[PDB]
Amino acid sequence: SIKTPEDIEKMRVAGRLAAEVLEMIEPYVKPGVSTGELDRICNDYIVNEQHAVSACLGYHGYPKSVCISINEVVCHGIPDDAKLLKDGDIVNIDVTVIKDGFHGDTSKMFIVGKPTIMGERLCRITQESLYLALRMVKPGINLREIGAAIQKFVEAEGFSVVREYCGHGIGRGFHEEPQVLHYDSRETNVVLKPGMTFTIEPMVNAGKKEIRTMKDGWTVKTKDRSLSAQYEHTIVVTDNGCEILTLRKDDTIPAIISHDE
């Protein structure tokens, strides 16, 4: 699907709101706070101030407003009032907002209190694998190349790439074509074109790539219980590159990546 300039403008707004949620929640990610409380703050902010709504709530039955994953949890962790954060924890908060009918999906890592050396390294490499993919996006490039580039980098830095979950198209629909794998697959063959909008959300494990899903049907963990990190951005392919729709002040990459001279 190719988004019109109208659709794209609406996605800038939605993406911006999703990013502002992460920028707002940051000071609250402290030792002692529960993930259930972090979820309420995000939701109250999304509904009461941004006047938008979470796309996560109700999606295939998802019970909360944002996904919060800690340490070995790979993704889709469910906020809970009894789960408290502690020093060393690495935490991902994934936000998806719907505004004016369009989605904005983004997530970032937060390290609680005193960081662990490997925890910091894992988050750093994960974010760079996303940045690397983002600087690649431009018409002509194949999604298979993007996934191969992410995997090559991640593996060269001593980590692994989760295969089961991937990025995805997005717009009026939460998940739309195409699938955005973060590794090289023979299944992938998609030449990017301007107007396409999708997400890139690499999940990187400190240990092995294998994962497992808990009985709740949502919580995904690393099979070997090693740490897992993830960063995600929503973008739109431009005539000569791409525009990040969910950029935050702490991002060290500009919103528009143009390959023009």
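The term rigid core refers to the most C-alpha atoms you can superpose between the two forms while keeping them within 1.5 Å. Residue positions are given as counts along the sequence shown, with the first one as 1.
Take 197-205 and 210-218, fit the other structures onto the shown form by the rigid core, and average the C-alpha distances in 8 other deposited structures of this protein: the farther stretch is 210-218. Superposing on the core and measuring CA offsets in 8 other deposited structures of this protein, the stretch of 175-183 and 152-160 with the greater mean deviation is 152-160. If you average the C-alpha B-factors over 121-129 and over 94-102, the higher value belongs to 94-102.
Relative to its counterpart among 172-180 and 145-153, 172-180 has the higher mean temperature factor, C-alpha atoms as listed in the PDB entry. Considering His233, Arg40, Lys30, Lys223 together, the PDB entry gives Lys223 the largest C-alpha B factor. The entry assigns its greatest Cα B factor, within the set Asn48, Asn205, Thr35, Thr199, to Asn48. Split the chain's modelled residues into thirds by C-alpha temperature factor. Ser228 is in the lowest one. The deposited CA B-factor of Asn240 belongs to the highest third of values across its chain. Annotation for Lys83: CA B-factor lies in the highest third of the chain's modelled residues. Ranked against the other modelled residues of its chain, the C-alpha B-factor of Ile70 as given in the entry falls in the lowest third. Ranked by C-alpha B-factor against the other modelled residues of its chain, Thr188 falls in the highest third.
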